[PDB]
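As a starting point, one isolated chain is supplied in structure tokens, in the form solved without the DNA.
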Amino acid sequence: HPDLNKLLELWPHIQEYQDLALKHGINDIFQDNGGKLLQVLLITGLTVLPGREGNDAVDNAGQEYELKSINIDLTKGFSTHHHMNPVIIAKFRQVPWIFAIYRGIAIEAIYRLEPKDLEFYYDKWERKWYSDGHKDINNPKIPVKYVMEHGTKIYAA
């Protein structure tokens, strides 16, 4: 049982990583990309916010952030919000966003966009709601290209 052997021996680290993840509010590294999210948290120094919170993270000085991420091996657009409306927008434009770019599970880069750097999309998204008559927008996307063009890279592999 070749591959299997790497299992009872590689498992000490996986567990340690999970221990690390728990100290950071992540109960299961193997669900909802928790293992990738820990990467971002340890690199940036952020603390995750309860899922019920509008934003997803905050630093040691009380500044909050939206946290988006993608695996470029399968997509090129960042998810934003399901049932996206102008109130959601309104809460969004108040905080900086940090974008995590992975290749599979590997963190390749992290970008930070200031509130103004997203002004373009917030405006666009509003039109598609009101000119649209009225009606949510189901998760419009933010192009990795745009993020790279306007953000400041705070991390690279």
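Residues carry their position along the shown sequence, with the first being 1.
FYI, the form solved in complex with the DNA isn't displayed, but the following is about it.
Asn33: touches the DNA in the bound PDB entry, heavy atom cutoff 4.5 angstroms: Yes, contact at 4.5 Å.
Contact of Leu113 with the DNA in the bound PDB entry (heavy atom, 4.5 Å): So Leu113 does not count as contacting the DNA.
The DNA contact at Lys141 in the bound PDB entry, heavy atom, 4.5 Å: Although the DNA is absent here, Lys141 would touch it in the bound PDB entry, with heavy atoms inside 4.5 Å.
Interface membership of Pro96, the DNA in the bound PDB entry, 4.5 Å heavy atom rule: No - in the bound PDB entry, heavy atoms of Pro96 and the DNA never come within 4.5 Å of each other.
Heavy atom of each of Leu38, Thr47 and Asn60 within 4.5 Å of the DNA in the bound PDB entry: Not a single residue of the candidate spot has a heavy atom within 4.5 Å of the DNA in the bound PDB entry.
Within 4.5 Å of the DNA in the bound PDB entry: residues from 73-88 (heavy atom criterion): Read in sequence order, the residues that approach the DNA (within 4.5 Å, in the bound PDB entry) are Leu74, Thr75, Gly77, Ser79, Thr80, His81, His82, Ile88.
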